[PDB]
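As provided, start-v4.pdb (PDB, C-alpha atoms) reads as follows.
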```pdb
ATOM      1  CA  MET A   1     -17.728 134.545 141.323  1.00  0.00           C
ATOM      2  CA  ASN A   2     -14.285 135.769 142.373  1.00  0.00           C
ATOM      3  CA  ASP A   3     -14.117 133.224 145.187  1.00  0.00           C
ATOM      4  CA  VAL A   4     -13.627 130.501 142.583  1.00  0.00           C
ATOM      5  CA  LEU A   5     -10.950 132.335 140.586  1.00  0.00           C
ATOM      6  CA  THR A   6      -9.110 133.369 143.743  1.00  0.00           C
ATOM      7  CA  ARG A   7      -8.678 129.915 145.256  1.00  0.00           C
ATOM      8  CA  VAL A   8      -8.945 128.046 141.971  1.00  0.00           C
ATOM      9  CA  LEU A   9      -6.535 130.309 140.091  1.00  0.00           C
ATOM     10  CA  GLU A  10      -4.136 130.511 143.034  1.00  0.00           C
ATOM     11  CA  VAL A  11      -4.387 126.758 143.455  1.00  0.00           C
ATOM     12  CA  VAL A  12      -3.086 125.924 139.994  1.00  0.00           C
ATOM     13  CA  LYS A  13      -0.761 128.925 139.811  1.00  0.00           C
ATOM     14  CA  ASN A  14       0.900 127.873 143.059  1.00  0.00           C
ATOM     15  CA  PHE A  15       0.455 124.197 142.196  1.00  0.00           C
ATOM     16  CA  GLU A  16       3.287 124.446 139.663  1.00  0.00           C
ATOM     17  CA  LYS A  17       0.953 124.564 136.678  1.00  0.00           C
ATOM     18  CA  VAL A  18       1.721 128.023 135.296  1.00  0.00           C
ATOM     19  CA  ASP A  19       2.337 131.604 136.413  1.00  0.00           C
ATOM     20  CA  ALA A  20      -0.824 133.716 136.483  1.00  0.00           C
ATOM     21  CA  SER A  21       1.235 136.481 134.890  1.00  0.00           C
ATOM     22  CA  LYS A  22       1.524 134.318 131.783  1.00  0.00           C
ATOM     23  CA  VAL A  23      -2.127 133.266 131.839  1.00  0.00           C
ATOM     24  CA  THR A  24      -4.205 135.132 129.269  1.00  0.00           C
ATOM     25  CA  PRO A  25      -7.987 135.330 128.652  1.00  0.00           C
ATOM     26  CA  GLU A  26      -7.529 133.249 125.507  1.00  0.00           C
ATOM     27  CA  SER A  27      -4.641 131.256 126.978  1.00  0.00           C
ATOM     28  CA  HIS A  28      -4.931 127.541 126.249  1.00  0.00           C
ATOM     29  CA  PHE A  29      -4.412 124.857 128.885  1.00  0.00           C
ATOM     30  CA  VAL A  30      -2.415 121.670 128.302  1.00  0.00           C
ATOM     31  CA  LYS A  31      -2.045 123.069 124.803  1.00  0.00           C
ATOM     32  CA  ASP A  32      -0.769 126.487 125.859  1.00  0.00           C
ATOM     33  CA  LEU A  33       0.887 124.925 128.914  1.00  0.00           C
ATOM     34  CA  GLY A  34      -1.703 122.948 130.849  1.00  0.00           C
ATOM     35  CA  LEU A  35      -1.082 121.175 134.142  1.00  0.00           C
ATOM     36  CA  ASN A  36       0.022 117.550 134.522  1.00  0.00           C
ATOM     37  CA  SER A  37      -2.666 114.864 134.286  1.00  0.00           C
ATOM     38  CA  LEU A  38      -2.249 113.668 137.856  1.00  0.00           C
ATOM     39  CA  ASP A  39      -2.047 117.350 138.753  1.00  0.00           C
ATOM     40  CA  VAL A  40      -5.370 118.084 137.099  1.00  0.00           C
ATOM     41  CA  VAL A  41      -7.095 115.280 138.985  1.00  0.00           C
ATOM     42  CA  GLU A  42      -5.803 116.432 142.364  1.00  0.00           C
ATOM     43  CA  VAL A  43      -6.762 119.999 141.510  1.00  0.00           C
ATOM     44  CA  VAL A  44     -10.237 118.966 140.406  1.00  0.00           C
ATOM     45  CA  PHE A  45     -10.583 117.331 143.807  1.00  0.00           C
ATOM     46  CA  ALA A  46      -9.630 120.665 145.342  1.00  0.00           C
ATOM     47  CA  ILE A  47     -12.109 122.926 143.593  1.00  0.00           C
ATOM     48  CA  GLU A  48     -14.758 120.226 143.913  1.00  0.00           C
ATOM     49  CA  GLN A  49     -14.196 120.427 147.651  1.00  0.00           C
ATOM     50  CA  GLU A  50     -15.131 124.100 147.609  1.00  0.00           C
ATOM     51  CA  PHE A  51     -17.489 123.784 144.643  1.00  0.00           C
ATOM     52  CA  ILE A  52     -20.019 121.184 145.833  1.00  0.00           C
ATOM     53  CA  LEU A  53     -19.624 119.440 142.477  1.00  0.00           C
ATOM     54  CA  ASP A  54     -17.121 117.142 140.776  1.00  0.00           C
ATOM     55  CA  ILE A  55     -15.342 118.323 137.633  1.00  0.00           C
ATOM     56  CA  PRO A  56     -13.586 115.016 136.740  1.00  0.00           C
ATOM     57  CA  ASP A  57     -14.640 112.467 134.122  1.00  0.00           C
ATOM     58  CA  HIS A  58     -15.141 113.365 130.459  1.00  0.00           C
ATOM     59  CA  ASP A  59     -16.390 116.616 131.987  1.00  0.00           C
ATOM     60  CA  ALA A  60     -12.875 117.693 132.951  1.00  0.00           C
ATOM     61  CA  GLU A  61     -11.390 116.071 129.856  1.00  0.00           C
ATOM     62  CA  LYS A  62     -13.620 118.041 127.489  1.00  0.00           C
ATOM     63  CA  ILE A  63     -11.906 121.123 128.903  1.00  0.00           C
ATOM     64  CA  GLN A  64      -8.950 122.594 127.027  1.00  0.00           C
ATOM     65  CA  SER A  65      -9.232 126.309 127.790  1.00  0.00           C
ATOM     66  CA  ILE A  66      -8.302 127.680 131.209  1.00  0.00           C
ATOM     67  CA  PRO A  67     -11.072 130.336 131.261  1.00  0.00           C
ATOM     68  CA  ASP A  68     -13.734 127.987 129.897  1.00  0.00           C
ATOM     69  CA  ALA A  69     -12.884 125.699 132.804  1.00  0.00           C
ATOM     70  CA  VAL A  70     -13.364 128.098 135.696  1.00  0.00           C
ATOM     71  CA  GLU A  71     -16.223 129.584 133.681  1.00  0.00           C
ATOM     72  CA  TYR A  72     -18.546 126.572 133.841  1.00  0.00           C
ATOM     73  CA  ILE A  73     -17.648 125.737 137.430  1.00  0.00           C
ATOM     74  CA  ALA A  74     -17.779 129.389 138.447  1.00  0.00           C
ATOM     75  CA  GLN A  75     -21.395 129.497 137.318  1.00  0.00           C
ATOM     76  CA  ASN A  76     -22.051 126.171 139.035  1.00  0.00           C
ATOM     77  CA  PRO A  77     -21.939 127.553 142.610  1.00  0.00           C
ATOM     78  CA  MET A  78     -22.626 131.128 141.507  1.00  0.00           C
ATOM     79  CA  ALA A  79     -26.088 129.984 140.424  1.00  0.00           C
ATOM     80  CA  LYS A  80     -26.445 126.334 139.412  1.00  0.00           C
TER      81      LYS A  80
END
```
Rewrite the structure of this file - the entire thing - as structure tokens.
Amino acid sequence: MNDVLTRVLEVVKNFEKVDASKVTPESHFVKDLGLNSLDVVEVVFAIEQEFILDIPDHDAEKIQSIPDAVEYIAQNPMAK
């Protein structure tokens, strides 16, 4: 599902989280340069808006990798 990566990726990239040019397939989030806590919550509220599913709670906390994040959610709407 490109729709998720397009808006989701652009959202964080333009949200002041990190340049997509620096984001790698194995690039780590907070660890490799994740987004602020309060920034992650707001963002989660964004994707959730166009994802028909919340990503907060331990669910969003158990996420450290950038790809693994959009991966689970991407499959959520792509085929729950």
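Here CA of residue 55 in chain A is placed at a distance of 21.2 Å from CA of residue 20 in chain A.
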| field | Test item: which residues lie within 8 Å of (-18.5, 133.5, 142.8) counting all atoms listed in the file, as a ChimeraX atom specification | value | /A:1-5,74-75,77-78
| request: Please write the residues picked by the PyMOL selection byres ((chain A and resi 37-51) around 9) on this file as number ranges by chain. | output: A: 4, 7-8, 11-12, 15-17, 34-36, 52-56, 60, 73-74, 76-77
Now that the selection is made, can you save its residues with C-alpha atoms as a compact mmCIF listing (two decimals), in the frame of the given file?
```txt
# COMPACT_ATOMS: atom_id res chain seq x y z
CA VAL A 4 -13.63 130.50 142.58
CA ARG A 7 -8.68 129.92 145.26
CA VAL A 8 -8.94 128.05 141.97
CA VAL A 11 -4.39 126.76 143.46
CA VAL A 12 -3.09 125.92 139.99
CA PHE A 15 0.46 124.20 142.20
CA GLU A 16 3.29 124.45 139.66
CA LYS A 17 0.95 124.56 136.68
CA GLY A 34 -1.70 122.95 130.85
CA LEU A 35 -1.08 121.18 134.14
CA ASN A 36 0.02 117.55 134.52
CA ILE A 52 -20.02 121.18 145.83
CA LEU A 53 -19.62 119.44 142.48
CA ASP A 54 -17.12 117.14 140.78
CA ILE A 55 -15.34 118.32 137.63
CA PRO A 56 -13.59 115.02 136.74
CA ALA A 60 -12.88 117.69 132.95
CA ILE A 73 -17.65 125.74 137.43
CA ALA A 74 -17.78 129.39 138.45
CA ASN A 76 -22.05 126.17 139.04
CA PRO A 77 -21.94 127.55 142.61
```
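The environment of residue 66 in chain A within 9 Å, counting all atoms listed in the file and disregarding residues fewer than 2 places along the same chain, consists of residues 23, 24, 25, 26, 27, 28, 29, 30, 34, 63, 64, 68, 69, 70 and 71 of chain A.
Interatomic distance, CA of residue 80 in chain A to CA of residue 9 in chain A: 20.3 Å.
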| query | In Å to one decimal, how far is CA of residue 72 in chain A from CA of residue 59 in chain A? | reply | 10.4 Å
